[PDB]
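File shown here: upload.pdb, holding PDB, C-alpha atoms.
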ATOM      1  CA  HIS A   1      13.587  90.135 152.189  1.00  0.00           C
ATOM      2  CA  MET A   2      13.061  86.614 153.473  1.00  0.00           C
ATOM      3  CA  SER A   3      15.800  85.868 150.915  1.00  0.00           C
ATOM      4  CA  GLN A   4      18.097  88.370 152.587  1.00  0.00           C
ATOM      5  CA  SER A   5      17.259  86.964 156.003  1.00  0.00           C
ATOM      6  CA  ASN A   6      18.104  83.497 154.756  1.00  0.00           C
ATOM      7  CA  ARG A   7      21.521  84.537 153.317  1.00  0.00           C
ATOM      8  CA  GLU A   8      22.339  86.152 156.675  1.00  0.00           C
ATOM      9  CA  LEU A   9      21.463  82.914 158.590  1.00  0.00           C
ATOM     10  CA  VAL A  10      23.789  81.081 156.241  1.00  0.00           C
ATOM     11  CA  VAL A  11      26.685  83.510 156.769  1.00  0.00           C
ATOM     12  CA  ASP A  12      26.130  83.581 160.493  1.00  0.00           C
ATOM     13  CA  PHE A  13      26.063  79.787 160.774  1.00  0.00           C
ATOM     14  CA  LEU A  14      29.181  79.248 158.593  1.00  0.00           C
ATOM     15  CA  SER A  15      31.134  82.036 160.363  1.00  0.00           C
ATOM     16  CA  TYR A  16      30.235  80.539 163.709  1.00  0.00           C
ATOM     17  CA  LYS A  17      31.369  77.076 162.590  1.00  0.00           C
ATOM     18  CA  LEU A  18      34.677  78.278 161.091  1.00  0.00           C
ATOM     19  CA  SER A  19      35.399  80.426 164.255  1.00  0.00           C
ATOM     20  CA  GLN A  20      34.526  77.496 166.509  1.00  0.00           C
ATOM     21  CA  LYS A  21      36.760  75.034 164.705  1.00  0.00           C
ATOM     22  CA  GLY A  22      39.919  77.239 164.522  1.00  0.00           C
ATOM     23  CA  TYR A  23      39.429  78.695 161.002  1.00  0.00           C
ATOM     24  CA  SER A  24      39.124  82.216 159.544  1.00  0.00           C
ATOM     25  CA  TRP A  25      35.650  83.607 158.608  1.00  0.00           C
ATOM     26  CA  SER A  26      37.209  86.632 156.837  1.00  0.00           C
ATOM     27  CA  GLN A  27      35.469  85.896 153.475  1.00  0.00           C
ATOM     28  CA  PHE A  28      32.407  87.169 155.363  1.00  0.00           C
ATOM     29  CA  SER A  29      32.003  90.653 156.832  1.00  0.00           C
ATOM     30  CA  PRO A  83      13.723  87.970 165.477  1.00  0.00           C
ATOM     31  CA  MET A  84      17.004  87.213 163.705  1.00  0.00           C
ATOM     32  CA  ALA A  85      19.236  87.009 166.787  1.00  0.00           C
ATOM     33  CA  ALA A  86      17.186  84.336 168.443  1.00  0.00           C
ATOM     34  CA  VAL A  87      17.073  82.226 165.179  1.00  0.00           C
ATOM     35  CA  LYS A  88      20.879  82.490 164.677  1.00  0.00           C
ATOM     36  CA  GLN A  89      21.446  81.386 168.273  1.00  0.00           C
ATOM     37  CA  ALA A  90      19.051  78.505 168.078  1.00  0.00           C
ATOM     38  CA  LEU A  91      20.562  77.354 164.784  1.00  0.00           C
ATOM     39  CA  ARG A  92      24.107  77.602 166.107  1.00  0.00           C
ATOM     40  CA  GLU A  93      23.130  75.508 169.093  1.00  0.00           C
ATOM     41  CA  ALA A  94      21.099  73.012 166.980  1.00  0.00           C
ATOM     42  CA  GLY A  95      24.160  72.479 164.688  1.00  0.00           C
ATOM     43  CA  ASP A  96      26.392  71.774 167.769  1.00  0.00           C
ATOM     44  CA  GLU A  97      23.850  69.338 169.232  1.00  0.00           C
ATOM     45  CA  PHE A  98      23.428  67.468 165.948  1.00  0.00           C
ATOM     46  CA  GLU A  99      27.137  67.250 165.413  1.00  0.00           C
ATOM     47  CA  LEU A 100      27.938  66.015 169.018  1.00  0.00           C
ATOM     48  CA  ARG A 101      25.232  63.440 168.930  1.00  0.00           C
ATOM     49  CA  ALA A 102      25.107  62.126 165.385  1.00  0.00           C
ATOM     50  CA  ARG A 103      28.831  62.578 164.608  1.00  0.00           C
ATOM     51  CA  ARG A 104      28.029  62.380 160.857  1.00  0.00           C
ATOM     52  CA  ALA A 105      31.048  62.622 158.515  1.00  0.00           C
ATOM     53  CA  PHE A 106      28.498  62.933 155.568  1.00  0.00           C
ATOM     54  CA  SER A 107      31.081  60.638 153.974  1.00  0.00           C
ATOM     55  CA  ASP A 108      28.763  59.606 151.203  1.00  0.00           C
ATOM     56  CA  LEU A 109      27.842  63.143 150.360  1.00  0.00           C
ATOM     57  CA  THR A 110      31.300  64.661 150.495  1.00  0.00           C
ATOM     58  CA  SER A 111      32.689  61.865 148.358  1.00  0.00           C
ATOM     59  CA  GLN A 112      29.915  62.221 145.856  1.00  0.00           C
ATOM     60  CA  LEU A 113      30.518  65.916 145.675  1.00  0.00           C
ATOM     61  CA  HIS A 114      34.298  65.884 145.842  1.00  0.00           C
ATOM     62  CA  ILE A 115      34.211  69.620 145.739  1.00  0.00           C
ATOM     63  CA  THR A 116      36.816  71.555 143.727  1.00  0.00           C
ATOM     64  CA  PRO A 117      36.763  75.118 142.392  1.00  0.00           C
ATOM     65  CA  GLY A 118      35.414  73.531 139.182  1.00  0.00           C
ATOM     66  CA  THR A 119      32.253  72.298 140.973  1.00  0.00           C
ATOM     67  CA  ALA A 120      28.976  73.955 139.851  1.00  0.00           C
ATOM     68  CA  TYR A 121      25.870  74.568 141.944  1.00  0.00           C
ATOM     69  CA  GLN A 122      23.897  71.877 140.117  1.00  0.00           C
ATOM     70  CA  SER A 123      26.262  69.217 141.551  1.00  0.00           C
ATOM     71  CA  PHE A 124      25.870  70.656 145.119  1.00  0.00           C
ATOM     72  CA  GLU A 125      22.090  70.659 144.637  1.00  0.00           C
ATOM     73  CA  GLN A 126      21.960  67.013 143.578  1.00  0.00           C
ATOM     74  CA  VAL A 127      23.957  65.852 146.568  1.00  0.00           C
ATOM     75  CA  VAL A 128      22.195  67.995 149.145  1.00  0.00           C
ATOM     76  CA  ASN A 129      18.857  66.713 147.672  1.00  0.00           C
ATOM     77  CA  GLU A 130      19.774  63.383 149.180  1.00  0.00           C
ATOM     78  CA  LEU A 131      19.260  64.835 152.702  1.00  0.00           C
ATOM     79  CA  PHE A 132      15.692  65.523 151.630  1.00  0.00           C
ATOM     80  CA  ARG A 133      14.785  62.292 149.827  1.00  0.00           C
ATOM     81  CA  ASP A 134      11.904  61.990 152.215  1.00  0.00           C
ATOM     82  CA  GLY A 135      11.117  65.698 152.118  1.00  0.00           C
ATOM     83  CA  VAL A 136      11.973  68.568 154.544  1.00  0.00           C
ATOM     84  CA  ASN A 137      11.748  68.708 158.333  1.00  0.00           C
ATOM     85  CA  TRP A 138      13.629  70.764 161.005  1.00  0.00           C
ATOM     86  CA  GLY A 139      16.277  68.080 161.705  1.00  0.00           C
ATOM     87  CA  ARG A 140      17.198  67.783 157.998  1.00  0.00           C
ATOM     88  CA  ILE A 141      17.381  71.575 157.793  1.00  0.00           C
ATOM     89  CA  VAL A 142      19.890  71.524 160.712  1.00  0.00           C
ATOM     90  CA  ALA A 143      21.698  68.756 158.882  1.00  0.00           C
ATOM     91  CA  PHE A 144      21.885  70.873 155.710  1.00  0.00           C
ATOM     92  CA  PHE A 145      23.462  73.774 157.764  1.00  0.00           C
ATOM     93  CA  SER A 146      25.963  71.361 159.428  1.00  0.00           C
ATOM     94  CA  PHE A 147      26.782  69.765 156.009  1.00  0.00           C
ATOM     95  CA  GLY A 148      27.580  73.132 154.587  1.00  0.00           C
ATOM     96  CA  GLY A 149      29.791  74.016 157.654  1.00  0.00           C
ATOM     97  CA  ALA A 150      31.533  70.714 157.019  1.00  0.00           C
ATOM     98  CA  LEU A 151      32.101  71.429 153.348  1.00  0.00           C
ATOM     99  CA  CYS A 152      33.527  74.822 154.364  1.00  0.00           C
ATOM    100  CA  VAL A 153      35.975  73.198 156.764  1.00  0.00           C
ATOM    101  CA  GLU A 154      36.910  70.517 154.160  1.00  0.00           C
ATOM    102  CA  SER A 155      37.478  73.201 151.496  1.00  0.00           C
ATOM    103  CA  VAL A 156      39.914  75.020 153.848  1.00  0.00           C
ATOM    104  CA  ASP A 157      41.588  71.711 154.634  1.00  0.00           C
ATOM    105  CA  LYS A 158      42.006  71.015 150.848  1.00  0.00           C
ATOM    106  CA  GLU A 159      43.689  74.333 150.372  1.00  0.00           C
ATOM    107  CA  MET A 160      40.639  75.490 148.431  1.00  0.00           C
ATOM    108  CA  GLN A 161      39.724  78.393 150.594  1.00  0.00           C
ATOM    109  CA  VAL A 162      38.119  80.275 147.629  1.00  0.00           C
ATOM    110  CA  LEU A 163      35.134  77.838 147.837  1.00  0.00           C
ATOM    111  CA  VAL A 164      33.936  79.078 151.237  1.00  0.00           C
ATOM    112  CA  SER A 165      32.126  82.095 149.904  1.00  0.00           C
ATOM    113  CA  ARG A 166      30.791  79.968 146.984  1.00  0.00           C
ATOM    114  CA  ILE A 167      29.401  77.418 149.396  1.00  0.00           C
ATOM    115  CA  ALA A 168      27.610  80.252 151.335  1.00  0.00           C
ATOM    116  CA  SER A 169      26.071  81.394 148.016  1.00  0.00           C
ATOM    117  CA  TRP A 170      25.029  77.834 147.046  1.00  0.00           C
ATOM    118  CA  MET A 171      23.518  77.328 150.468  1.00  0.00           C
ATOM    119  CA  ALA A 172      21.499  80.538 150.287  1.00  0.00           C
ATOM    120  CA  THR A 173      20.195  79.658 146.809  1.00  0.00           C
ATOM    121  CA  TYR A 174      19.250  76.193 147.916  1.00  0.00           C
ATOM    122  CA  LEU A 175      17.640  77.303 151.162  1.00  0.00           C
ATOM    123  CA  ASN A 176      15.640  80.020 149.383  1.00  0.00           C
ATOM    124  CA  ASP A 177      14.541  77.753 146.483  1.00  0.00           C
ATOM    125  CA  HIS A 178      13.912  74.378 148.113  1.00  0.00           C
ATOM    126  CA  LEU A 179      13.597  74.800 151.797  1.00  0.00           C
ATOM    127  CA  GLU A 180      11.836  78.051 152.488  1.00  0.00           C
ATOM    128  CA  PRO A 181       8.468  76.751 151.090  1.00  0.00           C
ATOM    129  CA  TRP A 182       8.310  74.111 153.785  1.00  0.00           C
ATOM    130  CA  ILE A 183       9.689  76.492 156.456  1.00  0.00           C
ATOM    131  CA  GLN A 184       6.940  79.029 155.705  1.00  0.00           C
ATOM    132  CA  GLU A 185       4.252  76.391 155.539  1.00  0.00           C
ATOM    133  CA  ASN A 186       5.284  75.202 158.999  1.00  0.00           C
ATOM    134  CA  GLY A 187       5.234  78.512 160.922  1.00  0.00           C
ATOM    135  CA  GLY A 188       8.484  80.043 159.697  1.00  0.00           C
ATOM    136  CA  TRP A 189      11.685  80.425 161.699  1.00  0.00           C
ATOM    137  CA  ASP A 190       9.620  81.396 164.797  1.00  0.00           C
ATOM    138  CA  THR A 191       8.523  77.823 165.034  1.00  0.00           C
ATOM    139  CA  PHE A 192      12.138  76.720 164.756  1.00  0.00           C
ATOM    140  CA  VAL A 193      12.883  78.869 167.836  1.00  0.00           C
ATOM    141  CA  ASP A 194       9.835  77.392 169.615  1.00  0.00           C
ATOM    142  CA  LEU A 195      11.147  73.889 169.138  1.00  0.00           C
ATOM    143  CA  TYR A 196      14.834  74.394 169.649  1.00  0.00           C
ATOM    144  CA  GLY A 197      15.602  77.719 171.136  1.00  0.00           C
TER     145      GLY A 197
END

Same coordinates, now as structure tokens:
Amino acid sequence: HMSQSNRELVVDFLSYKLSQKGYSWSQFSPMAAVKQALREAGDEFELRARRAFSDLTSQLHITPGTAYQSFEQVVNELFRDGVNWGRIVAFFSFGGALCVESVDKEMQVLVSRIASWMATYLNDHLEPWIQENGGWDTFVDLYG
């Protein structure tokens, strides 16, 4: 599935971010070129933009009581003007950031929830645009 592919991108990207930043990824255990390009795009976006996503994280204030609907409403703000590649990279970086914040809040149970929320959101709201615009191959053509 494209859905399966998308859940795997999510897990790869979050594992990479946790590993990179000193955290455990142990909740988790041509695709390769997409994963690599996405890893690199996340790093570039984070070095350059240095976004704390302060507004979003504070709006969410994630706890193990938080439901997907609340994540969806916040993340929707990245797409108020619709989808493009840079906002997709920002969505991946935002979810890496929420993962790291959850660990830092001693709420490590949320990491696997956030990967599930991200896959649902990506498959529901983002894939339509991705497919319309040449799929992940185009992502590699632009970034990779």

Which residue gives the smallest distance to residue 185 of chain A among A:165, A:27, A:3, A:137, with only C-alpha atoms counted?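 Comparing A:165, A:27, A:3, A:137 against residue 185 of chain A, the winner is A:137.
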
Rounded to one decimal place, report the atom CA of residue 197 of chain A-atom CA of residue 90 of chain A distance in Å.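 Separation between atom CA of residue 197 of chain A and atom CA of residue 90 of chain A: 4.7 Å.
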
Where is the centre and how long are the edges: axis-aligned box on segment 102-107 of chain A, 3 Å on each side, Å to one decimal, as lines of an AutoDock Vina configuration file:
center_x = 28.1
center_y = 61.8
center_z = 159.7
size_x = 12.0
size_y = 8.3
size_z = 17.4

For the structure provided, state which residues fall under the PyMOL selection byres ((chain A and resi 92-104) around 9), and present them as a PyMOL selection string. chain A and resi 12-13+16-17+87-91+105-107+139+142-143+145-147+196-197

Residues of the last selection are to be written out with C-alpha atoms, as a PDB file, in the frame of the given file.
ATOM      1  CA  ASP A  12      26.130  83.581 160.493  1.00  0.00           C
ATOM      2  CA  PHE A  13      26.063  79.787 160.774  1.00  0.00           C
ATOM      3  CA  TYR A  16      30.235  80.539 163.709  1.00  0.00           C
ATOM      4  CA  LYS A  17      31.369  77.076 162.590  1.00  0.00           C
ATOM      5  CA  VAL A  87      17.073  82.226 165.179  1.00  0.00           C
ATOM      6  CA  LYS A  88      20.879  82.490 164.677  1.00  0.00           C
ATOM      7  CA  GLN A  89      21.446  81.386 168.273  1.00  0.00           C
ATOM      8  CA  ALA A  90      19.051  78.505 168.078  1.00  0.00           C
ATOM      9  CA  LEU A  91      20.562  77.354 164.784  1.00  0.00           C
ATOM     10  CA  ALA A 105      31.048  62.622 158.515  1.00  0.00           C
ATOM     11  CA  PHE A 106      28.498  62.933 155.568  1.00  0.00           C
ATOM     12  CA  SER A 107      31.081  60.638 153.974  1.00  0.00           C
ATOM     13  CA  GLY A 139      16.277  68.080 161.705  1.00  0.00           C
ATOM     14  CA  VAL A 142      19.890  71.524 160.712  1.00  0.00           C
ATOM     15  CA  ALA A 143      21.698  68.756 158.882  1.00  0.00           C
ATOM     16  CA  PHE A 145      23.462  73.774 157.764  1.00  0.00           C
ATOM     17  CA  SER A 146      25.963  71.361 159.428  1.00  0.00           C
ATOM     18  CA  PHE A 147      26.782  69.765 156.009  1.00  0.00           C
ATOM     19  CA  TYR A 196      14.834  74.394 169.649  1.00  0.00           C
ATOM     20  CA  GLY A 197      15.602  77.719 171.136  1.00  0.00           C
TER      21      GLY A 197
END

d(atom CA of residue 133 of chain A, atom CA of residue 156 of chain A) in Å: 28.5 Å

Please list as a PyMOL selection string every residue within 12 Å of residue 188 of chain A, counting all atoms listed in the file and excluding residues in the same chain fewer than 3 positions away. chain A and resi 2+5-6+83-84+87+137-138+179-185+191-195

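Nearest to residue 29 of chain A of all the residues A:172, A:151, A:14, A:127 is A:14, based on only C-alpha atoms.
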
Contacts of residue 24 of chain A at 10 Å (all atoms listed in the file; same-chain gap of 4+ positions) as an mmCIF file with C-alpha atoms, in the frame of the given file:
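Saved to selection38.cif:
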data_model
loop_
_atom_site.group_PDB
_atom_site.id
_atom_site.type_symbol
_atom_site.label_atom_id
_atom_site.label_comp_id
_atom_site.auth_asym_id
_atom_site.auth_seq_id
_atom_site.Cartn_x
_atom_site.Cartn_y
_atom_site.Cartn_z
ATOM 1 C CA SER A 15 31.134 82.036 160.363
ATOM 2 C CA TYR A 16 30.235 80.539 163.709
ATOM 3 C CA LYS A 17 31.369 77.076 162.590
ATOM 4 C CA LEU A 18 34.677 78.278 161.091
ATOM 5 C CA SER A 19 35.399 80.426 164.255
ATOM 6 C CA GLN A 20 34.526 77.496 166.509
ATOM 7 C CA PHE A 28 32.407 87.169 155.363
ATOM 8 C CA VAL A 153 35.975 73.198 156.764
ATOM 9 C CA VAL A 156 39.914 75.020 153.848
ATOM 10 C CA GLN A 161 39.724 78.393 150.594
#

Atom CA of residue 149 of chain A and atom CA of residue 10 of chain A, how far apart in Å? 9.4 Å

Pick the closest to residue 124 of chain A from A:144, A:154, A:170, A:9: which is it, counting all atoms listed in the file?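 For residue 124 of chain A, the nearest of the candidates is A:170.
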
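The shortest atom-to-atom distance to residue 189 of chain A, with all atoms listed in the file taken into account, belongs to A:86 out of A:86, A:131, A:136, A:162.
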
Which of these residues is nearest to residue 4 of chain A, using all atoms listed in the file: A:135, A:26, A:169, A:187? A:169

Counting all atoms listed in the file, the option among A:186, A:111, A:155, A:176 closest to residue 23 of chain A: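 Of the candidates, the smallest distance to residue 23 of chain A is held by A:155.
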
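This file, filtered with the PyMOL selection byres ((chain A and resi 119-122) around 12), gives the residues residues 112, 113, 114, 115, 116, 117, 118, 123, 124, 125, 126, 127, 128, 129, 155, 160, 162, 163, 166, 167, 168, 169, 170, 171, 172, 173 and 174 of chain A.
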
What would segment 119-147 of chain A look like with N, CA and C atoms in place, written as a PDB file, keeping the file's coordinate frame?
ATOM      1  N   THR A 119      33.635  72.782 140.655  1.00  0.00           N
ATOM      2  CA  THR A 119      32.253  72.298 140.973  1.00  0.00           C
ATOM      3  C   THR A 119      31.231  73.404 140.761  1.00  0.00           C
ATOM      4  N   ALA A 120      30.096  73.036 140.150  1.00  0.00           N
ATOM      5  CA  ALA A 120      28.976  73.955 139.851  1.00  0.00           C
ATOM      6  C   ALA A 120      27.856  73.694 140.861  1.00  0.00           C
ATOM      7  N   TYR A 121      27.011  74.679 141.005  1.00  0.00           N
ATOM      8  CA  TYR A 121      25.870  74.568 141.944  1.00  0.00           C
ATOM      9  C   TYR A 121      25.015  73.344 141.693  1.00  0.00           C
ATOM     10  N   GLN A 122      24.718  73.057 140.425  1.00  0.00           N
ATOM     11  CA  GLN A 122      23.897  71.877 140.117  1.00  0.00           C
ATOM     12  C   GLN A 122      24.410  70.620 140.793  1.00  0.00           C
ATOM     13  N   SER A 123      25.731  70.442 140.904  1.00  0.00           N
ATOM     14  CA  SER A 123      26.262  69.217 141.551  1.00  0.00           C
ATOM     15  C   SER A 123      25.995  69.277 143.072  1.00  0.00           C
ATOM     16  N   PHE A 124      26.204  70.457 143.658  1.00  0.00           N
ATOM     17  CA  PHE A 124      25.870  70.656 145.119  1.00  0.00           C
ATOM     18  C   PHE A 124      24.385  70.352 145.346  1.00  0.00           C
ATOM     19  N   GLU A 125      23.544  70.877 144.482  1.00  0.00           N
ATOM     20  CA  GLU A 125      22.090  70.659 144.637  1.00  0.00           C
ATOM     21  C   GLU A 125      21.712  69.185 144.589  1.00  0.00           C
ATOM     22  N   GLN A 126      22.322  68.422 143.701  1.00  0.00           N
ATOM     23  CA  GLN A 126      21.960  67.013 143.578  1.00  0.00           C
ATOM     24  C   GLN A 126      22.342  66.198 144.782  1.00  0.00           C
ATOM     25  N   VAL A 127      23.501  66.530 145.362  1.00  0.00           N
ATOM     26  CA  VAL A 127      23.957  65.852 146.568  1.00  0.00           C
ATOM     27  C   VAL A 127      23.108  66.223 147.765  1.00  0.00           C
ATOM     28  N   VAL A 128      22.889  67.534 147.955  1.00  0.00           N
ATOM     29  CA  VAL A 128      22.195  67.995 149.145  1.00  0.00           C
ATOM     30  C   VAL A 128      20.738  67.438 149.098  1.00  0.00           C
ATOM     31  N   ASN A 129      20.212  67.285 147.865  1.00  0.00           N
ATOM     32  CA  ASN A 129      18.857  66.713 147.672  1.00  0.00           C
ATOM     33  C   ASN A 129      18.758  65.372 148.366  1.00  0.00           C
ATOM     34  N   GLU A 130      19.859  64.640 148.416  1.00  0.00           N
ATOM     35  CA  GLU A 130      19.774  63.383 149.180  1.00  0.00           C
ATOM     36  C   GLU A 130      19.436  63.530 150.695  1.00  0.00           C
ATOM     37  N   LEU A 131      19.724  64.652 151.327  1.00  0.00           N
ATOM     38  CA  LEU A 131      19.260  64.835 152.702  1.00  0.00           C
ATOM     39  C   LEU A 131      17.742  64.925 152.786  1.00  0.00           C
ATOM     40  N   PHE A 132      17.142  65.324 151.690  1.00  0.00           N
ATOM     41  CA  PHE A 132      15.692  65.523 151.630  1.00  0.00           C
ATOM     42  C   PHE A 132      14.926  64.517 150.779  1.00  0.00           C
ATOM     43  N   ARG A 133      15.425  63.279 150.698  1.00  0.00           N
ATOM     44  CA  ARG A 133      14.785  62.292 149.827  1.00  0.00           C
ATOM     45  C   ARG A 133      13.395  61.990 150.330  1.00  0.00           C
ATOM     46  N   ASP A 134      13.200  62.211 151.615  1.00  0.00           N
ATOM     47  CA  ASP A 134      11.904  61.990 152.215  1.00  0.00           C
ATOM     48  C   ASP A 134      11.215  63.313 152.514  1.00  0.00           C
ATOM     49  N   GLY A 135      11.634  64.379 151.831  1.00  0.00           N
ATOM     50  CA  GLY A 135      11.117  65.698 152.118  1.00  0.00           C
ATOM     51  C   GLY A 135      11.783  66.453 153.289  1.00  0.00           C
ATOM     52  N   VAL A 136      11.364  67.694 153.536  1.00  0.00           N
ATOM     53  CA  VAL A 136      11.973  68.568 154.544  1.00  0.00           C
ATOM     54  C   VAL A 136      11.397  68.366 155.955  1.00  0.00           C
ATOM     55  N   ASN A 137      12.260  68.428 156.970  1.00  0.00           N
ATOM     56  CA  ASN A 137      11.748  68.708 158.333  1.00  0.00           C
ATOM     57  C   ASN A 137      12.876  69.527 159.036  1.00  0.00           C
ATOM     58  N   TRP A 138      12.631  69.970 160.258  1.00  0.00           N
ATOM     59  CA  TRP A 138      13.629  70.764 161.005  1.00  0.00           C
ATOM     60  C   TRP A 138      14.969  70.126 161.152  1.00  0.00           C
ATOM     61  N   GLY A 139      14.991  68.809 161.463  1.00  0.00           N
ATOM     62  CA  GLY A 139      16.277  68.080 161.705  1.00  0.00           C
ATOM     63  C   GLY A 139      17.125  67.973 160.446  1.00  0.00           C
ATOM     64  N   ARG A 140      16.476  67.860 159.292  1.00  0.00           N
ATOM     65  CA  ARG A 140      17.198  67.783 157.998  1.00  0.00           C
ATOM     66  C   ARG A 140      17.653  69.161 157.618  1.00  0.00           C
ATOM     67  N   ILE A 141      16.884  70.183 157.959  1.00  0.00           N
ATOM     68  CA  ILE A 141      17.381  71.575 157.793  1.00  0.00           C
ATOM     69  C   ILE A 141      18.654  71.838 158.625  1.00  0.00           C
ATOM     70  N   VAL A 142      18.671  71.378 159.897  1.00  0.00           N
ATOM     71  CA  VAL A 142      19.890  71.524 160.712  1.00  0.00           C
ATOM     72  C   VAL A 142      20.977  70.717 160.057  1.00  0.00           C
ATOM     73  N   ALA A 143      20.657  69.508 159.573  1.00  0.00           N
ATOM     74  CA  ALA A 143      21.698  68.756 158.882  1.00  0.00           C
ATOM     75  C   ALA A 143      22.267  69.389 157.651  1.00  0.00           C
ATOM     76  N   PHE A 144      21.413  70.023 156.844  1.00  0.00           N
ATOM     77  CA  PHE A 144      21.885  70.873 155.710  1.00  0.00           C
ATOM     78  C   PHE A 144      22.838  71.992 156.204  1.00  0.00           C
ATOM     79  N   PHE A 145      22.500  72.739 157.247  1.00  0.00           N
ATOM     80  CA  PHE A 145      23.462  73.774 157.764  1.00  0.00           C
ATOM     81  C   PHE A 145      24.782  73.153 158.210  1.00  0.00           C
ATOM     82  N   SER A 146      24.732  72.023 158.950  1.00  0.00           N
ATOM     83  CA  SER A 146      25.963  71.361 159.428  1.00  0.00           C
ATOM     84  C   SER A 146      26.797  70.820 158.240  1.00  0.00           C
ATOM     85  N   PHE A 147      26.120  70.183 157.254  1.00  0.00           N
ATOM     86  CA  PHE A 147      26.782  69.765 156.009  1.00  0.00           C
ATOM     87  C   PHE A 147      27.495  70.919 155.351  1.00  0.00           C
TER      88      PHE A 147
END
